[PDB]
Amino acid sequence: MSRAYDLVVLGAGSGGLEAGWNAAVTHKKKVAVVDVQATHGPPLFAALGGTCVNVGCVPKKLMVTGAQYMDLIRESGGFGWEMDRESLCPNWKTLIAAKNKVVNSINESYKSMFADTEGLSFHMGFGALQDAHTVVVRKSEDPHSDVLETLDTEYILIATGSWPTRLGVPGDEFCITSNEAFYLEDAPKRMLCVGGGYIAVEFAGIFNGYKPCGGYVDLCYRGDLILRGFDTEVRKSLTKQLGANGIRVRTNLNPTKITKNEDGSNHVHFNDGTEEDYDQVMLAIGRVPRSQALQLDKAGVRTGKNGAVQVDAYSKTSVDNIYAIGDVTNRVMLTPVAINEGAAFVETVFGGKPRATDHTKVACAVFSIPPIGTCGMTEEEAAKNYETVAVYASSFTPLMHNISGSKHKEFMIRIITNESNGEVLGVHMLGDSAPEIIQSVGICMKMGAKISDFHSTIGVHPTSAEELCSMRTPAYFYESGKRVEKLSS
């Protein structure tokens, strides 16, 4: 060797740590991993473990699980479970305490991971580039901060992920994002969620569960229908189900300005001219790659749309020895995707066995209440790219909801196929257990499954998933881009 490190990883995230660990253990390389802090929390939020562990998937799901009990406690009544329901609210503070305990516990398991792994070291601070071989770790994000260390490396991996966009509106700084929501002292009584992304929807569901008495949550979106890019029938059925669960969904609406009332709350002026008071206002309107403070110009790494680091199918940047993975590349912003990209990177460069990450037919979930499980193409997209498209659809209400009272809780399955050969192009599910079911669906679609593979499989009874195997007749069709009730040419 002529260099201090083989790899310097900028960001100890989902992708960062995965790569760093692999190079260190499986290929015995000298890896240095740079992240902002060691444990979760403000004012930096993200930490060792990345967004997912600290202010993402992990804490968000624990809170969804918590909020889910609201429905579950109500539903037990029909089964004979008698208890004082009127004026029953959960303790937000014990939830946040429970959550912090867990997240911090994961943070600490990482410290002793670094301590035990040889060749792997953690370097706390803000990283930035000097040249293709030099990463400077500064005291703060400010480019004139004290240089804490200078890392002389062979390879540089950028895995700094993304960051919430703001509204750019008079009184914008009075709002919170997903970051601050995780650390709220008290559960808001009058909550407003701006946005129509999965984050906006999942959080609306959390606050809806943890609101105090007389509390309510409004979901405000500037478009026609929430969750763009999802199955249209799924989006409409969820909007309907959020309504039934107490979330007031507002459409074609946008905050114009926010002014802070002298009692603490926030006065919000709207698109249509209306005015309302909210105890808290959360912005979930977009997440841009975190690359602006990396001095990428100095090393000459090309950043396209919104600062996204431009990469080929092997994550290589404009500079031959610099790489980038995960949310910073602005592809599919999911944890297991970043993990996969990081795994491929190591296999390619240090394993000598190149591999590109497969970005198509990736299954994902929305942890709304009820949850979404999706994998593949929406009918609208499939119809543009294929000659003949068959749409299968089935809605049903599980029998338990006759007893539970939650008659609004329809399970929905929609299968999208290429009619030519029967190949399944998309699977879209709404209802409980949807995230769990879709995972094994994604294995099938990876194997290039056909609709005949589904209905030939003997079902498991009684389950919600068994309805995948009972869809033979298509609901309708798409003949070269247009919706037809019947098929003939």
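Under this definition, the rigid core comprises the largest set of C-alpha atoms superposing within 1.5 Å between the forms. Numbers follow the displayed sequence, beginning with 1.
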item: Stretch farther from the shown model on average in 4 other deposited structures of this protein, with CA RMS computed after core superposition (100-108, 83-91); value: 83-91
item: Between 407-415 and 266-274 (mean CA B-factor, as deposited), the higher; value: 266-274
item: Comparing 390-398 with 257-265, the one whose average Cα B-factor in the PDB entry is higher; value: 257-265
item: Residue selected from 243, 351, 205, 196 by maximal Cα B factor; value: 351
item: Out of 357, 104, 368, 76, highest CA B-factor residue; value: 357
item: CA B-factor ranking of residue 94, expressed as a third of its chain; value: lowest
item: Ranked C-alpha temperature factor of residue 71 among modelled chain residues, by third; value: lowest
item: For residue 155, the third of its chain into which the C-alpha B factor falls; value: middle
item: Position of residue 314 among the chain's modelled residues by C-alpha B-factor, lowest, middle or highest third; value: highest
item: Chain thirds of CA B-factor: placement of residue 230; value: lowest
